[PDB]
Amino acid sequence: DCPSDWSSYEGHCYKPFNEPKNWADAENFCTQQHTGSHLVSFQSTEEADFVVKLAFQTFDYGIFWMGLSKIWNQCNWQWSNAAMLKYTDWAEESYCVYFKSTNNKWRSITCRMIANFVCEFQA
Amino acid sequence: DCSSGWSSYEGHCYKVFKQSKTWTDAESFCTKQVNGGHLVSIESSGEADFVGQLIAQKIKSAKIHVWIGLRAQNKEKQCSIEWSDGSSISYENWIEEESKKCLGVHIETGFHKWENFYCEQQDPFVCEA
Ligand SMILES: [Ca+2]
Ligand SMILES: [Ca+2]
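Protein sequence lines correspond, in order, to chains B and A. Residue numbers are given in the deposited numbering: position 96 of the first sequence equals residue 96, and the series is strictly consecutive. Residue numbers are given in the deposited numbering: position 82 of the second sequence equals residue 82, and the series is strictly consecutive.
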């Protein structure tokens, strides 16, 4: 059971929003929509297709935030000449994952980007 | 002192290569051009300025970027340990080209800012020794 304004799927509740926000703001926003609510997470292909259809039929075409952030921030970045990494000049500090309402493929873009999103919680 | 065709800056030798190669092939190629060769490493403002201008001398297109020697060692698609909801990453559905673990500089910033690019992309590069 999900509130009237959310859609249910496999014991979970999902809801798309079209108020453009960066990743951090979207996540924070989702937590305030219902207890246990966060940006959507994908544990399978069926769940992914469900959410994509939901987003499209509600707002069409657009990019929607997914619950993955700072995806390469903790990676082991090294210079191939073994030089110590001190001086840096990153164009983007962090990357986040999103999907287009037209397909279930994961895409990456800077977390500063403005996009739609989908919230989810366990019922 | 640097070999013919190579430019020197602070005791090092550099050379821009117009041929397009993947990050890995570029790196491998550099090791064979000169002893101690590798894809360029940018370790200071001064070096970044010099390398940026060196590149600008040969590359005048915006349809490609230039490979530098910084790369994320991890084999995984991403290095995050969990979703914002706490669950583990037990499933993925990445578009290969969307995992950008190799860095390069683009003409849009005068070849200065490091941008994330798909490692298997073929692009010009710079070797340093
Ligand atoms: Ca989920
Ligand atoms: Ca260097």
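Think of the CB as a built atom: it goes at the ideal place given N, C-alpha and C, for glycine as much as any other residue.
On the DSSP bridge assignment, give the partners of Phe64 (chain B) in chain order.
-> For the purposes of this step, residue 64 (chain B) is taken as residue 64 along the first sequence, with counting starting at 1. Its beta-bridge partners are B:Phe99 and B:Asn116.
Quick one: is the Cβ of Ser44 (chain A) within less than 7 Å of any heavy atom of ligand 4?
-> The model depicted lacks ligand 4 and carries ligand 1 and ligand 2 instead.
Are the C-beta of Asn116 (chain B) and some C-beta of chain A separated by less than 8 Å?
-> In the first sequence, the residue the question calls residue 116 (chain B) occupies position 116. Using beta-carbon distances, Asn116 (chain B) does not count as an interface residue toward chain A, since no partner is under 8 Å.
When A:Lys113, A:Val126, A:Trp6 and A:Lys18 are compared against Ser61 (chain A), the one with the closest alpha-carbon = Numbered from 1 along the second sequence, position 61 holds the residue referred to as residue 61 (chain A). Restricting attention to A:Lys113, A:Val126, A:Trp6 and A:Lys18, the CA atom closest to the CA of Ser61 (chain A) is found in A:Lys18.
Write down the C-beta distance between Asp123 (chain A) and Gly104 (chain A) rounded to the nearest angstrom, noting that I regard them as a contact closer than 8 Å.
-> On the second sequence, residue 123 (chain A) is found 123 positions in, with the first residue counted as 1. On the second sequence, residue 104 (chain A) is found 104 positions in, with the first residue counted as 1. Sure, about 6 Å apart at Cβ, within 8 Å.
Thinking C-beta only, is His38 (chain A) closer than 8 Å to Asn81 (chain B)?
-> For the purposes of this step, residue 81 (chain B) is identified with residue 81 of the first sequence, where counting begins at 1. For the purposes of this step, residue 38 (chain A) is identified with residue 38 of the second sequence, where counting begins at 1. Against a cut-off of 8 Å, the Cβ pair of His38 (chain A) and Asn81 (chain B) comes out as a contact.
Does DSSP put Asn18 (chain B) in a helix, a strand or coil?
-> As a working mapping, residue 18 (chain B) is identified with position 18 in the first sequence. In the displayed model, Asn18 (chain B) falls within a strand according to three-state DSSP.
Would you please verify whether the beta carbon of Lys70 (chain B) is less than 8 Å from any beta carbon of chain A?
-> Here the question's residue 70 (chain B) lines up with position 70 in the first sequence. Answer yes: the Cβ-Cβ gap between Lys70 (chain B) and chain A drops below 8 Å somewhere.
Can you give the beta carbon distance from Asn28 (chain B) to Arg112 (chain B), rounded, assuming they're within the 8 Å contact cut?
-> Here residue 28 (chain B) refers to the residue found at position 28 when the first sequence is read from its first residue. Here residue 112 (chain B) refers to the residue found at position 112 when the first sequence is read from its first residue. Contact doesn't hold; Cβ gap of about 15 Å is too wide.
With DSSP as the reference, label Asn28 (chain B) as helix, strand or coil.
-> Along the first sequence, one-based indexing puts residue 28 (chain B) at 28. Looking at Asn28 (chain B) - three-state DSSP - the assignment turns out to be helix.
Who pairs with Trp72 (chain B) in a beta bridge, going by DSSP?
-> Along the first sequence, one-based indexing puts residue 72 (chain B) at 72. Residue pairing by DSSP places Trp72 (chain B) in no beta bridge whatsoever.
Taking Cβ positions, are residue 126 (chain B) and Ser84 (chain A) nearer each other than 8 Å?
-> The first residue shown for chain B is 1 and the last is 123, placing residue 126 (chain B) beyond what the model contains.
Does at least one heavy atom of ligand 1 sit under 7 Å from the Cβ of residue 136 (chain A)?
-> The structure shown has nothing for residue 136 (chain A), since chain A only spans 1 to 129.
State yes or no: is the beta carbon of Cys2 (chain A) nearer than 8 Å to at least one beta carbon in chain B?
-> Residue 2 (chain A) sits at position 2 when you count from the first residue of the second sequence. Judged by the 8 Å Cβ criterion, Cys2 (chain A) is not in contact with chain B.
Determine which residues share a DSSP beta bridge with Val126 (chain A) and list them.
-> Residue mapping note: residue 126 (chain A) aligns to position 126 of the second sequence, counting from 1. DSSP lists A:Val16 as partners of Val126 (chain A).
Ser44 (chain B) burial status per 10 Å Cβ neighbour count (16 or more: buried) | Residue 44 (chain B) sits at position 44 when you count from the first residue of the first sequence. By the C-beta density criterion, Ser44 (chain B) is exposed, having fewer than 16 other C-beta atoms within 10 angstroms.
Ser44 (chain B) touches chain A at which residues, Cβ-Cβ below 8 Å?
-> Position 44 of the first sequence holds residue 44 (chain B). What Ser44 (chain B) touches in chain A, judged by beta-carbon distance under 8 Å, is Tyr91, going in chain order.
Starting from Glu27 (chain A), follow the alpha helix (DSSP H) in both directions and report where the run begins and ends.
-> Here the question's residue 27 (chain A) lines up with position 27 in the second sequence. Here the alpha helix (DSSP H) through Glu27 (chain A) covers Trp23 to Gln33.
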